[PDB]
Amino acid sequence: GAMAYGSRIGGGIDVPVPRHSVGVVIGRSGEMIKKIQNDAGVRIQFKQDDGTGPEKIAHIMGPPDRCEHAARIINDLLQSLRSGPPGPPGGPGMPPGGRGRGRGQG
RNA sequence: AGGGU
């Protein structure tokens, strides 16, 4: 939605986390989001699925300032995914594999 | 780094 007045925070904010980074920010064992909840002192609970965007909405509840703090931890964790871990192939570098050569020997 | 409660 065109929320031109979305500059106002509150006691619990809805943060848009990329759907390809949902498990990332929480961690495979949830150890990661516990750190976010720890360093911010907030209750971060992923909602079912608002579906109103290419992201997932997570309701970071708690004291507004801490919600901002918590939001930053998740957002920065996304920002660090942006060419953070360098990958030669797969991304900006197509592996020059042959036409089935290597596996297609017959 | 896919599910933490």
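Residue numbering: from 1, along the chain as shown.
Any Cβ shown, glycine's included, is placed from N, Cα and C.
Between the listed residues A:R82, A:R99, Swiss-Prot assigns omega-N-methylarginine to A:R99, with no corresponding entry for the rest in that record. Checking A:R43, A:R101 against Swiss-Prot, you find omega-N-methylarginine recorded for A:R101. In this structure, A:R99 (omega-N-methylarginine) belongs to neither helix nor strand by DSSP; it is coil.
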